[PDB]
$ cat target_34.txt   # compact mmCIF, N, CA, C and O atoms
# COMPACT_ATOMS: atom_id res chain seq x y z
N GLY A 1 98.35 110.00 113.08
CA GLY A 1 97.27 109.17 112.46
C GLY A 1 97.52 109.02 110.95
O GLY A 1 98.42 109.65 110.42
N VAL A 2 96.74 108.20 110.31
CA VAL A 2 96.89 107.97 108.84
C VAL A 2 95.55 108.30 108.16
O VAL A 2 94.51 108.00 108.72
N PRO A 3 95.57 108.91 106.99
CA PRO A 3 94.39 108.98 106.09
C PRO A 3 94.23 107.69 105.28
O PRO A 3 95.22 107.11 104.86
N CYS A 4 93.02 107.27 105.07
CA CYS A 4 92.80 106.01 104.29
C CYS A 4 91.65 106.16 103.31
O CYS A 4 90.93 107.13 103.34
N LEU A 5 91.52 105.18 102.45
CA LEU A 5 90.45 105.16 101.41
C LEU A 5 89.20 104.55 102.07
O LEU A 5 89.32 103.69 102.93
N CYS A 6 88.05 105.00 101.64
CA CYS A 6 86.77 104.50 102.20
C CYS A 6 85.68 103.98 101.24
O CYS A 6 85.90 103.75 100.07
N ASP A 7 84.52 103.82 101.82
CA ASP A 7 83.32 103.32 101.07
C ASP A 7 82.73 104.38 100.15
O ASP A 7 82.71 104.21 98.95
N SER A 8 82.26 105.45 100.72
CA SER A 8 81.66 106.53 99.87
C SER A 8 82.79 107.47 99.41
O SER A 8 82.56 108.58 98.98
N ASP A 9 83.99 106.97 99.53
CA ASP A 9 85.23 107.71 99.15
C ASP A 9 85.23 107.82 97.62
O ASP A 9 85.87 107.08 96.90
N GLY A 10 84.45 108.77 97.20
CA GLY A 10 84.28 109.07 95.74
C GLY A 10 83.93 110.55 95.61
O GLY A 10 84.79 111.35 95.34
N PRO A 11 82.69 110.92 95.80
CA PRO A 11 82.19 112.32 95.62
C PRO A 11 82.68 113.32 96.70
O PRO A 11 82.01 114.29 96.99
N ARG A 12 83.82 113.06 97.27
CA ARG A 12 84.34 113.98 98.33
C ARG A 12 85.28 115.05 97.75
O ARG A 12 85.88 114.82 96.72
N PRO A 13 85.38 116.18 98.41
CA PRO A 13 86.21 117.36 98.00
C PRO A 13 87.72 117.09 98.21
O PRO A 13 88.18 115.98 98.05
N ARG A 14 88.45 118.12 98.56
CA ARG A 14 89.92 117.95 98.79
C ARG A 14 90.21 116.66 99.58
O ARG A 14 89.53 116.32 100.53
N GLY A 15 91.21 115.95 99.13
CA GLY A 15 91.60 114.66 99.79
C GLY A 15 90.95 113.50 99.03
O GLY A 15 91.58 112.47 98.88
N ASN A 16 89.74 113.72 98.59
CA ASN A 16 88.88 112.76 97.82
C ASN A 16 89.09 111.26 98.08
O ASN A 16 88.22 110.58 98.59
N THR A 17 90.26 110.79 97.74
CA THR A 17 90.60 109.35 97.93
C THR A 17 91.32 109.04 99.24
O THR A 17 91.77 107.94 99.48
N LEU A 18 91.38 110.07 100.03
CA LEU A 18 92.04 110.03 101.38
C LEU A 18 91.40 111.05 102.32
O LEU A 18 92.04 111.54 103.23
N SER A 19 90.14 111.35 102.14
CA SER A 19 89.49 112.36 103.04
C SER A 19 88.87 111.74 104.31
O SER A 19 87.79 112.09 104.72
N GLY A 20 89.61 110.83 104.90
CA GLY A 20 89.14 110.14 106.13
C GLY A 20 90.37 109.62 106.87
O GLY A 20 91.35 109.32 106.23
N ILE A 21 90.29 109.52 108.18
CA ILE A 21 91.46 109.02 108.98
C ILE A 21 91.08 107.68 109.61
O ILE A 21 89.91 107.43 109.84
N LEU A 22 92.04 106.83 109.87
CA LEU A 22 91.67 105.52 110.50
C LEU A 22 91.37 105.75 111.98
O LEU A 22 91.91 106.67 112.56
N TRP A 23 90.51 104.95 112.57
CA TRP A 23 90.19 105.14 114.00
C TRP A 23 90.20 103.95 114.93
O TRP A 23 89.59 102.92 114.73
N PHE A 24 90.91 104.24 115.97
CA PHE A 24 91.14 103.30 117.08
C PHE A 24 90.04 103.41 118.14
O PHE A 24 90.32 103.59 119.30
N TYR A 25 88.82 103.29 117.69
CA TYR A 25 87.67 103.37 118.64
C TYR A 25 86.74 102.16 118.53
O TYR A 25 86.19 101.88 117.49
N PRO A 26 86.57 101.45 119.61
CA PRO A 26 85.74 100.21 119.67
C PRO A 26 84.27 100.50 119.39
O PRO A 26 83.51 99.62 119.04
N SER A 27 83.92 101.75 119.56
CA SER A 27 82.51 102.19 119.33
C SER A 27 82.33 102.74 117.91
O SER A 27 81.32 103.33 117.59
N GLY A 28 83.33 102.52 117.08
CA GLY A 28 83.29 102.99 115.66
C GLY A 28 84.14 104.25 115.61
O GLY A 28 85.31 104.20 115.96
N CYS A 29 83.58 105.35 115.20
CA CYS A 29 84.34 106.62 115.13
C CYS A 29 84.22 107.33 116.49
O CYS A 29 83.21 107.20 117.15
N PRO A 30 85.22 108.08 116.89
CA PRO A 30 85.14 108.93 118.10
C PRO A 30 84.28 110.20 117.93
O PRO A 30 83.92 110.61 116.84
N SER A 31 83.99 110.80 119.04
CA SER A 31 83.16 112.04 119.07
C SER A 31 83.77 113.10 118.14
O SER A 31 84.86 113.59 118.36
N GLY A 32 83.02 113.40 117.13
CA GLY A 32 83.45 114.42 116.12
C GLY A 32 83.71 113.81 114.75
O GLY A 32 83.94 114.52 113.79
N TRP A 33 83.67 112.51 114.69
CA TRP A 33 83.91 111.80 113.41
C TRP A 33 82.59 111.20 112.99
O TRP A 33 81.67 111.14 113.78
N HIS A 34 82.50 110.77 111.76
CA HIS A 34 81.19 110.18 111.32
C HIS A 34 81.33 109.02 110.30
O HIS A 34 80.47 108.78 109.48
N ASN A 35 82.43 108.33 110.42
CA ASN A 35 82.80 107.16 109.56
C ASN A 35 83.02 107.49 108.07
O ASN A 35 82.47 108.42 107.53
N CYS A 36 83.86 106.68 107.48
CA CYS A 36 84.22 106.82 106.06
C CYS A 36 84.06 105.43 105.40
O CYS A 36 83.50 105.27 104.33
N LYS A 37 84.57 104.45 106.09
CA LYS A 37 84.50 103.05 105.60
C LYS A 37 83.70 102.22 106.61
O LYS A 37 84.18 101.84 107.67
N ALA A 38 82.48 101.95 106.25
CA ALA A 38 81.58 101.14 107.12
C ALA A 38 81.92 99.67 106.88
O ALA A 38 81.10 98.78 107.06
N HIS A 39 83.13 99.43 106.46
CA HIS A 39 83.61 98.04 106.17
C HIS A 39 84.97 97.84 106.86
O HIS A 39 85.64 96.87 106.62
N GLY A 40 85.33 98.78 107.71
CA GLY A 40 86.63 98.68 108.44
C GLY A 40 87.47 99.95 108.21
O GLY A 40 86.91 101.03 108.16
N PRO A 41 88.77 99.83 108.08
CA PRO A 41 89.58 98.57 108.17
C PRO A 41 89.52 98.00 109.60
O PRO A 41 88.82 98.52 110.45
N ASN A 42 90.27 96.95 109.86
CA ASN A 42 90.26 96.34 111.21
C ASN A 42 91.34 97.01 111.96
O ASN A 42 91.46 96.82 113.16
N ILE A 43 92.12 97.78 111.25
CA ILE A 43 93.22 98.47 111.93
C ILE A 43 92.77 99.89 112.33
O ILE A 43 93.51 100.85 112.36
N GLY A 44 91.50 99.91 112.63
CA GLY A 44 90.78 101.13 113.06
C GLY A 44 89.76 101.46 111.98
O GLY A 44 90.06 101.42 110.80
N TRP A 45 88.58 101.79 112.39
CA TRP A 45 87.50 102.12 111.39
C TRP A 45 87.95 103.37 110.65
O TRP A 45 88.39 104.28 111.33
N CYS A 46 87.86 103.46 109.35
CA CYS A 46 88.33 104.73 108.74
C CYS A 46 87.09 105.59 108.75
O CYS A 46 86.04 105.26 108.24
N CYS A 47 87.31 106.70 109.37
CA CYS A 47 86.27 107.72 109.54
C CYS A 47 86.82 109.03 109.05
O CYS A 47 87.86 109.07 108.43
N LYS A 48 86.11 110.07 109.32
CA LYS A 48 86.59 111.39 108.90
C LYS A 48 86.01 112.35 109.89
O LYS A 48 85.20 111.97 110.72
N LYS A 49 86.44 113.56 109.76
CA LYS A 49 85.91 114.61 110.68
C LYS A 49 84.66 115.20 110.01
O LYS A 49 83.66 114.50 110.09
$ encode --input "target_34.txt" --output "C-alpha cells"
Amino acid sequence: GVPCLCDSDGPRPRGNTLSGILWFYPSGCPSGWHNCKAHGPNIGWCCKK
C-alpha cells in the first residue's frame, strides 16, 4: 500500500504529512480505518488506521 497526504493532515503525530494510507474500498475506508482525506483521492480514499 502507499501512504498519502490528507485533509486534516496537519496536527497529526509521527508521519504527520503521510499518516494515512490510500484505500481501495467502495464503502470509503475498510473496517479498522477512519478516513484521512474526505476528498479522495480517486485512486482509493486515503484513510488511516
$ closest_residue --input "target_34.txt" --among "A:11, A:48, A:18, A:4" --to "residue 32 in chain A" --atoms "only N, CA, C and O atoms"
A:48
$ residues_near_point --input "target_34.txt" --point "(93.9, 103.8, 106.8)" --cutoff "10 Å" --atoms "only C-alpha atoms" --output "PyMOL selection string"
chain A and resi 1-6+18+20-23+37+40-47
$ axis_aligned_box --input "target_34.txt" --around "range 19-33 of chain A" --padding-each-side "8 Å" --output "lines of an AutoDock Vina configuration file"
center_x = 86.7
center_y = 107.1
center_z = 110.9
size_x = 26.7
size_y = 30.9
size_z = 33.5
$ atom_distance --input "target_34.txt" --atom1 "CA of residue 10 in chain A" --atom2 "CA of residue 27 in chain A"
24.6 Å
$ atom_distance --input "target_34.txt" --atom1 "CA of residue 8 in chain A" --atom2 "CA of residue 24 in chain A"
19.9 Å
$ select_by_dssp --input "target_34.txt" --residues "chain A" --states "strand (DSSP E)" --output "list in words"
residues 21, 22, 23, 45, 46 and 47 of chain A
$ atom_distance --input "target_34.txt" --atom1 "CA of residue 26 in chain A" --atom2 "CA of residue 9 in chain A"
21.9 Å
